[PDB]
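Have a look at the structure below, then the notes.
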Amino acid sequence: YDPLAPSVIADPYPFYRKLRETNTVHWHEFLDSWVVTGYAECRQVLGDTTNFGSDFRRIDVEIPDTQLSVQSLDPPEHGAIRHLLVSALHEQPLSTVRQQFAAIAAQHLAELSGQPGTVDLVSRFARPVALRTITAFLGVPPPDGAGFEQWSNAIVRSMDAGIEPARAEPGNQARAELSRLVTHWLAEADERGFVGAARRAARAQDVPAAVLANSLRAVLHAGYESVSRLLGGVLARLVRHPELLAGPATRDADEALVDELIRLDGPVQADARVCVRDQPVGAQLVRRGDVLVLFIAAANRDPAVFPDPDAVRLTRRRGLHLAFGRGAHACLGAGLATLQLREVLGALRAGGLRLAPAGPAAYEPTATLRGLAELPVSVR
Amino acid sequence: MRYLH
Ligand code: HEM
Ligand code: NA
Ligand code: NA
Ligand code: NA
């Protein structure tokens, strides 16, 4: 299983399935990590921060204080910055957020109506919608979309530096570039929006400023890339299966549909942990110091939990999929992302546009965060 | 492979 091989990138799920069917916890000797594809095993590891951590300092790896961030901190340090970010999120009025997200989606769909040629939904919809969405939520002016995507893409590709080490350095430069962007916003941002709220919250709580800046960069980059890649994958499915949008289109029906779309097309393919204390996982004894890569997109296709796992089924139990993670590090923006995809579905139905394939979905060589390079369609 | 922004 070469995660960056073109045939794997074209469609990794059959390879995930072959892995899962042979062993839910495989040792990958060249990557020096456990590969976890079973739902039960991924759910176990995500929720157990006592024996599996995200802060490599807990296995005696040197991490400078200037690089600490909400994603790479474990209790008790994680709680302070986590609560700070959640408090800032909860201060945002949802009526305004939903109005902004709905208008952004409608505007970009309207620009596509009347296009007689082939249009790429990645560059023309998924990315620009995601960029304006996250910056509206943050309360900051959107940067140039093409330029921001270029810097952001370097960070995405750096998530695979364990496979291709040359990807690490461009990612570090890009992280520094986005950090200066966040630093400018912290200094100048209006009181309206998430940045203003996080700034207010930080004054009270006491968080290292470096953690706050690094954590705000995570909110920006996670918000942009996760939403962008989710929208692309969902659109890829809808263009091939337009019947998915021909359903009842009630609040409750779309709840089930959105849940299935996130389960199937959630872009996070891999979510890593380090073992802090020996613990059985699947058939294996995982040892302190071991790395585990949780293939959560594979876990969302485990047939023991999701029968007919590759299909949208509107009658599944809610709250099962792992596309937002689980436990202490569960996605801060899970509610924003579901609200956003809901509005996208609603804008598509009100737009009355039919989106037929004008060529194959083409996938970028990124293994940790799945993303389309191009999604060519005709608009009628 | 690490989902780290
Ligand atoms: C505006 C939208 C989003 C924002 C602001 C956002 C922000 C964040 C942040 C800050 C974290 C780190 C939380 C922590 O470590 O305590 C996180 C975690 C996570 N996010 Fe998101 N995210 C967004 C959208 C998404 C989407 C659409 C997906 C997948 C469909 C996703 C998947 C995840 C996962 C799996 C984690 C957990 C990673 C782990 O286990 O450490 N996120 N998100
Ligand atoms: Na641009
Ligand atoms: Na070890
Ligand atoms: Na493109």
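Chains: A, B, ... in order of the structure tokens. Residues: from 1 per chain. Ligands: from 1, in order shown.
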Surrounding residues as a PyMOL selection string, ligand 1, max 6 Å, only C-alpha atoms and all ligand atoms: chain A and resi 70-71+82+134+218-219+222-223+226-227+230+262+266-268+271+323-325+329-334+336-337
May I have the selected residues written with N, CA, C and O atoms, as an mmCIF file, in the first residue's frame?
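Dumped everything to out_34.cif:
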```cif
data_model
loop_
_atom_site.group_PDB
_atom_site.id
_atom_site.type_symbol
_atom_site.label_atom_id
_atom_site.label_comp_id
_atom_site.auth_asym_id
_atom_site.auth_seq_id
_atom_site.Cartn_x
_atom_site.Cartn_y
_atom_site.Cartn_z
ATOM 1 N N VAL A 70 -3.351 23.981 19.612
ATOM 2 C CA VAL A 70 -4.468 23.226 20.173
ATOM 3 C C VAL A 70 -4.476 21.793 19.662
ATOM 4 O O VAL A 70 -4.858 20.867 20.391
ATOM 5 N N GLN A 71 -4.072 21.578 18.407
ATOM 6 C CA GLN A 71 -4.111 20.229 17.853
ATOM 7 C C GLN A 71 -3.037 19.335 18.462
ATOM 8 O O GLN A 71 -3.223 18.115 18.544
ATOM 9 N N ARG A 82 -8.417 25.106 24.182
ATOM 10 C CA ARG A 82 -9.658 24.562 23.641
ATOM 11 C C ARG A 82 -10.864 25.357 24.125
ATOM 12 O O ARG A 82 -11.711 25.770 23.325
ATOM 13 N N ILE A 134 -14.813 30.990 5.681
ATOM 14 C CA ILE A 134 -14.002 30.997 6.894
ATOM 15 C C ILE A 134 -13.638 32.427 7.283
ATOM 16 O O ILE A 134 -13.616 32.772 8.470
ATOM 17 N N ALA A 218 -4.574 27.324 12.818
ATOM 18 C CA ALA A 218 -5.249 26.050 12.592
ATOM 19 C C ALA A 218 -6.717 26.259 12.237
ATOM 20 O O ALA A 218 -7.240 25.607 11.327
ATOM 21 N N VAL A 219 -7.399 27.167 12.940
ATOM 22 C CA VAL A 219 -8.802 27.439 12.630
ATOM 23 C C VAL A 219 -8.941 27.911 11.188
ATOM 24 O O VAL A 219 -9.812 27.447 10.441
ATOM 25 N N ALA A 222 -7.598 24.836 8.831
ATOM 26 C CA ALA A 222 -8.550 23.739 8.939
ATOM 27 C C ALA A 222 -9.897 24.141 8.354
ATOM 28 O O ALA A 222 -10.503 23.384 7.588
ATOM 29 N N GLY A 223 -10.360 25.352 8.670
ATOM 30 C CA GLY A 223 -11.632 25.806 8.136
ATOM 31 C C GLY A 223 -11.631 25.878 6.622
ATOM 32 O O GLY A 223 -12.573 25.431 5.965
ATOM 33 N N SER A 226 -10.521 21.987 5.014
ATOM 34 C CA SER A 226 -11.494 20.938 5.298
ATOM 35 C C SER A 226 -12.806 21.207 4.572
ATOM 36 O O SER A 226 -13.379 20.307 3.947
ATOM 37 N N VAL A 227 -13.295 22.447 4.641
ATOM 38 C CA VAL A 227 -14.537 22.802 3.961
ATOM 39 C C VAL A 227 -14.361 22.704 2.452
ATOM 40 O O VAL A 227 -15.212 22.154 1.744
ATOM 41 N N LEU A 230 -14.202 18.985 1.515
ATOM 42 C CA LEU A 230 -15.512 18.364 1.684
ATOM 43 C C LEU A 230 -16.457 18.763 0.558
ATOM 44 O O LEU A 230 -17.115 17.911 -0.051
ATOM 45 N N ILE A 262 -21.034 13.490 4.758
ATOM 46 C CA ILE A 262 -19.843 13.707 5.568
ATOM 47 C C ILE A 262 -19.174 12.380 5.893
ATOM 48 O O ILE A 262 -17.944 12.260 5.831
ATOM 49 N N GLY A 266 -16.017 12.965 3.808
ATOM 50 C CA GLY A 266 -15.164 13.695 4.716
ATOM 51 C C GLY A 266 -13.725 13.571 4.256
ATOM 52 O O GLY A 266 -13.250 12.472 3.956
ATOM 53 N N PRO A 267 -13.003 14.694 4.160
ATOM 54 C CA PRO A 267 -11.684 14.646 3.508
ATOM 55 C C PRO A 267 -10.554 14.113 4.373
ATOM 56 O O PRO A 267 -9.513 13.737 3.817
ATOM 57 N N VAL A 268 -10.704 14.054 5.695
ATOM 58 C CA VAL A 268 -9.599 13.604 6.539
ATOM 59 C C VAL A 268 -9.466 12.091 6.391
ATOM 60 O O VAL A 268 -10.314 11.331 6.868
ATOM 61 N N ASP A 271 -5.385 10.364 10.686
ATOM 62 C CA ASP A 271 -5.405 11.139 11.926
ATOM 63 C C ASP A 271 -4.468 10.425 12.892
ATOM 64 O O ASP A 271 -4.740 9.283 13.275
ATOM 65 N N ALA A 323 -15.798 11.279 10.934
ATOM 66 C CA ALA A 323 -15.179 12.260 10.048
ATOM 67 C C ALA A 323 -14.807 13.555 10.761
ATOM 68 O O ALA A 323 -13.974 14.310 10.244
ATOM 69 N N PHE A 324 -15.416 13.846 11.911
ATOM 70 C CA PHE A 324 -15.015 14.979 12.735
ATOM 71 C C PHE A 324 -14.162 14.555 13.926
ATOM 72 O O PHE A 324 -13.922 15.367 14.825
ATOM 73 N N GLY A 325 -13.703 13.309 13.955
ATOM 74 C CA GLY A 325 -12.999 12.799 15.112
ATOM 75 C C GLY A 325 -13.939 12.431 16.249
ATOM 76 O O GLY A 325 -15.150 12.256 16.076
ATOM 77 N N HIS A 329 -10.277 16.124 21.155
ATOM 78 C CA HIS A 329 -9.838 16.871 19.985
ATOM 79 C C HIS A 329 -10.880 16.894 18.872
ATOM 80 O O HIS A 329 -10.551 17.273 17.742
ATOM 81 N N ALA A 330 -12.110 16.465 19.151
ATOM 82 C CA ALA A 330 -13.153 16.453 18.134
ATOM 83 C C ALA A 330 -13.322 17.835 17.511
ATOM 84 O O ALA A 330 -13.201 18.866 18.178
ATOM 85 N N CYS A 331 -13.640 17.843 16.220
ATOM 86 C CA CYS A 331 -13.613 19.063 15.423
ATOM 87 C C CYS A 331 -14.361 20.220 16.072
ATOM 88 O O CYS A 331 -15.567 20.140 16.329
ATOM 89 N N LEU A 332 -13.630 21.315 16.287
ATOM 90 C CA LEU A 332 -14.224 22.542 16.800
ATOM 91 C C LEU A 332 -15.304 23.081 15.876
ATOM 92 O O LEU A 332 -16.242 23.740 16.340
ATOM 93 N N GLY A 333 -15.176 22.849 14.574
ATOM 94 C CA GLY A 333 -16.100 23.426 13.619
ATOM 95 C C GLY A 333 -17.139 22.468 13.077
ATOM 96 O O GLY A 333 -17.769 22.756 12.054
ATOM 97 N N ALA A 334 -17.338 21.331 13.747
ATOM 98 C CA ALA A 334 -18.266 20.329 13.229
ATOM 99 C C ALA A 334 -19.651 20.920 12.993
ATOM 100 O O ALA A 334 -20.306 20.606 11.992
ATOM 101 N N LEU A 336 -20.338 24.149 12.430
ATOM 102 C CA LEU A 336 -20.251 25.092 11.322
ATOM 103 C C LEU A 336 -20.238 24.368 9.983
ATOM 104 O O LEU A 336 -20.875 24.810 9.019
ATOM 105 N N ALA A 337 -19.516 23.248 9.905
ATOM 106 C CA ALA A 337 -19.383 22.530 8.642
ATOM 107 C C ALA A 337 -20.699 21.888 8.222
ATOM 108 O O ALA A 337 -21.039 21.878 7.033
#
```
Exercise answer, 9 Å around ligand 2 with only C-alpha atoms and all ligand atoms, as JSON, numbers by chain: {"A": [128, 143, 144, 145, 146, 147, 148, 149]}
Check which residues fall inside 9 Å of ligand 4 when counting only C-alpha atoms and all ligand atoms, and print them as a count of residues only. 11
Could you please select, counting only C-alpha atoms, the residues of chain A within 8 Å of chain B and state them as a list in words? residues 71, 155, 156, 159, 160, 161, 162, 163, 175, 217, 218, 221, 222, 268, 270, 271, 272, 293, 367, 368 and 369 of chain A
Keeping only N, CA, C and O atoms, write the selected residues to a file as a short mmCIF file (atom, residue, chain, number, x, y, z; two decimals), in the first residue's frame.
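Contents of out-v6.cif, freshly written:
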```cif
data_model
loop_
_atom_site.label_atom_id
_atom_site.label_comp_id
_atom_site.auth_asym_id
_atom_site.auth_seq_id
_atom_site.Cartn_x
_atom_site.Cartn_y
_atom_site.Cartn_z
N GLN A 71 -4.07 21.58 18.41
CA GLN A 71 -4.11 20.23 17.85
C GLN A 71 -3.04 19.33 18.46
O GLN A 71 -3.22 18.11 18.54
N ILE A 155 0.96 23.46 2.98
CA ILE A 155 0.73 22.88 4.30
C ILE A 155 0.02 21.54 4.16
O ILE A 155 0.37 20.57 4.84
N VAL A 156 -0.98 21.46 3.28
CA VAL A 156 -1.68 20.19 3.08
C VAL A 156 -0.69 19.11 2.64
O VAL A 156 -0.68 18.00 3.19
N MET A 159 1.53 17.42 5.23
CA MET A 159 0.97 16.39 6.09
C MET A 159 1.43 15.00 5.69
O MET A 159 1.30 14.06 6.48
N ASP A 160 1.94 14.85 4.46
CA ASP A 160 2.47 13.59 3.97
C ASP A 160 3.99 13.54 4.01
O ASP A 160 4.59 12.69 3.34
N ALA A 161 4.63 14.43 4.77
CA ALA A 161 6.09 14.48 4.79
C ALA A 161 6.70 13.18 5.31
O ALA A 161 7.86 12.89 5.01
N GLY A 162 5.95 12.40 6.08
CA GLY A 162 6.45 11.10 6.50
C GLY A 162 6.65 10.15 5.34
O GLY A 162 7.49 9.25 5.40
N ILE A 163 5.87 10.33 4.27
CA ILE A 163 6.01 9.54 3.06
C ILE A 163 7.06 10.13 2.13
O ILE A 163 7.92 9.41 1.61
N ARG A 175 3.53 27.61 6.83
CA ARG A 175 3.00 27.83 8.18
C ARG A 175 3.43 29.19 8.71
O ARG A 175 2.63 29.91 9.32
N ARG A 217 -4.25 30.01 13.46
CA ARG A 217 -3.83 29.55 12.14
C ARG A 217 -4.46 28.20 11.82
O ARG A 217 -4.84 27.95 10.67
N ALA A 218 -4.57 27.32 12.82
CA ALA A 218 -5.25 26.05 12.59
C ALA A 218 -6.72 26.26 12.24
O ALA A 218 -7.24 25.61 11.33
N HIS A 221 -6.75 27.51 8.59
CA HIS A 221 -6.35 26.53 7.59
C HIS A 221 -7.27 25.31 7.63
O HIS A 221 -7.66 24.80 6.58
N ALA A 222 -7.60 24.84 8.83
CA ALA A 222 -8.55 23.74 8.94
C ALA A 222 -9.90 24.14 8.35
O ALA A 222 -10.50 23.38 7.59
N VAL A 268 -10.70 14.05 5.69
CA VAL A 268 -9.60 13.60 6.54
C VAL A 268 -9.47 12.09 6.39
O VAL A 268 -10.31 11.33 6.87
N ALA A 270 -6.49 10.40 7.34
CA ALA A 270 -5.53 9.91 8.32
C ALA A 270 -5.44 10.90 9.47
O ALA A 270 -5.43 12.12 9.25
N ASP A 271 -5.38 10.36 10.69
CA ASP A 271 -5.40 11.14 11.93
C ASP A 271 -4.47 10.42 12.89
O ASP A 271 -4.74 9.28 13.28
N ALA A 272 -3.36 11.06 13.26
CA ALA A 272 -2.27 10.35 13.92
C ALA A 272 -2.24 10.55 15.43
O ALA A 272 -2.67 11.58 15.95
N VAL A 293 -1.51 5.63 12.89
CA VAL A 293 -2.23 6.44 11.92
C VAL A 293 -3.64 5.87 11.82
O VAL A 293 -3.83 4.74 11.37
N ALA A 367 -2.44 12.45 0.49
CA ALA A 367 -2.96 11.23 1.10
C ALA A 367 -3.65 11.46 2.43
O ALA A 367 -4.63 10.77 2.74
N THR A 368 -3.16 12.39 3.24
CA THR A 368 -3.77 12.63 4.55
C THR A 368 -5.10 13.37 4.42
O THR A 368 -6.09 13.01 5.07
N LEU A 369 -5.13 14.41 3.59
CA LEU A 369 -6.32 15.21 3.34
C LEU A 369 -6.68 15.05 1.87
O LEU A 369 -6.01 15.62 1.00
#
```
Give the strand (DSSP E or B) residues of stretch 245-348 of chain A, as DSSP finds them on the backbone, and put them as a ChimeraX atom specification. /A:268,271-275,279-281,284-286,291-294
Residues of chain A that have any atom at most 10 Å from an atom of ligand 3: could you tabulate them with the shortest-distance atom pair and the distance in Å to one decimal, using only C-alpha atoms and all ligand atoms, ordered by chain and increasing number, as a tab-separated table?
```
residue	atom	partner	partner_atom_place_in_ligand_line	distance
A:32	CA	ligand 3	1 (Na)	9.2
A:33	CA	ligand 3	1 (Na)	9.3
A:59	CA	ligand 3	1 (Na)	9.5
A:274	CA	ligand 3	1 (Na)	9.0
A:275	CA	ligand 3	1 (Na)	7.8
A:276	CA	ligand 3	1 (Na)	9.3
A:277	CA	ligand 3	1 (Na)	9.8
A:278	CA	ligand 3	1 (Na)	9.0
A:286	CA	ligand 3	1 (Na)	7.8
A:287	CA	ligand 3	1 (Na)	5.1
A:288	CA	ligand 3	1 (Na)	5.1
A:289	CA	ligand 3	1 (Na)	3.8
A:290	CA	ligand 3	1 (Na)	4.0
A:291	CA	ligand 3	1 (Na)	7.6
```
Residues just named, written with C-alpha atoms as a PDB file, in the first residue's frame:
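So the final result, stored in out_36.pdb, reads:
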```
ATOM      1  CA  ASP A  32       7.164   2.884  11.339  1.00  0.00           C
ATOM      2  CA  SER A  33       3.505   3.206  12.312  1.00  0.00           C
ATOM      3  CA  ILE A  59       7.069  10.485  24.727  1.00  0.00           C
ATOM      4  CA  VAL A 274       1.468   8.449  19.656  1.00  0.00           C
ATOM      5  CA  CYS A 275       1.130   5.687  22.245  1.00  0.00           C
ATOM      6  CA  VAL A 276       1.944   7.036  25.715  1.00  0.00           C
ATOM      7  CA  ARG A 277       1.239   3.780  27.609  1.00  0.00           C
ATOM      8  CA  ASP A 278       1.120   0.198  26.324  1.00  0.00           C
ATOM      9  CA  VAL A 286       0.656  -1.163  20.854  1.00  0.00           C
ATOM     10  CA  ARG A 287       3.705  -0.010  22.807  1.00  0.00           C
ATOM     11  CA  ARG A 288       4.700   3.318  24.338  1.00  0.00           C
ATOM     12  CA  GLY A 289       6.478   5.356  21.678  1.00  0.00           C
ATOM     13  CA  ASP A 290       4.664   3.741  18.748  1.00  0.00           C
ATOM     14  CA  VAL A 291       2.909   5.931  16.188  1.00  0.00           C
TER      15      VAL A 291
END
```
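Here atom CA of residue A:306 is placed at a distance of 18.6 Å from atom CA of residue A:234.
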DSSP alpha helix (DSSP H) residues within stretch 30-182 of chain A, listed as a PyMOL selection string: chain A and resi 39-47+77-90+94-112+121+127-138+145-158+168-182
